[PDB]
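Quick heads-up: it's one chain on its own, the form deposited in one PDB entry, in structure tokens.
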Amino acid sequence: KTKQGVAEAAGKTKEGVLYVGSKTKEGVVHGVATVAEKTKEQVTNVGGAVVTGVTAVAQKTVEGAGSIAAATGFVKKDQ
């Protein structure tokens, strides 16, 4: 018996109005806003990596070892 990340709700009544609710959020990206106004961007790239935009990554994994959620704007030359 083991509980992990469990939302539990219980209610009891006889007469009237009863409301029961449960919510669970795991690995959730919520509410990302970006505004660019009159922005000047000049990029010169020679064999590299340049990142300018908006990146939103949400990952949920079970029994996963060595997982990478996001890898943005990198140069890898492993031998």
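Only residues modelled in both forms are compared. We call the rigid core whatever largest set of C-alpha positions still superposes within 1.5 Å between the two forms. Numbers follow the displayed sequence, beginning with 1.
The same protein also exists as the form deposited in another entry; that form is not shown, yet it is the one meant from here on.
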item: Large Cα move at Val57 between the shown form and the other one, threshold 2 Å, rigid core; value: no
item: C-alpha of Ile68 moved at least 2 Å between the shown form and the other one on rigid core; value: yes
item: Pair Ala49/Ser67, Cα separation in the other form versus the displayed form, closer or farther by 3 angstroms or more; value: closer
item: Sense of CA distance change between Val62 and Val54 in the other form, threshold 3 Å; value: closer
item: Shared-residue segments moving between the shown form and the other one, Cα shift 2 Å or more over 3+ consecutive positions, core-fitted; value: 16-20, 62-69
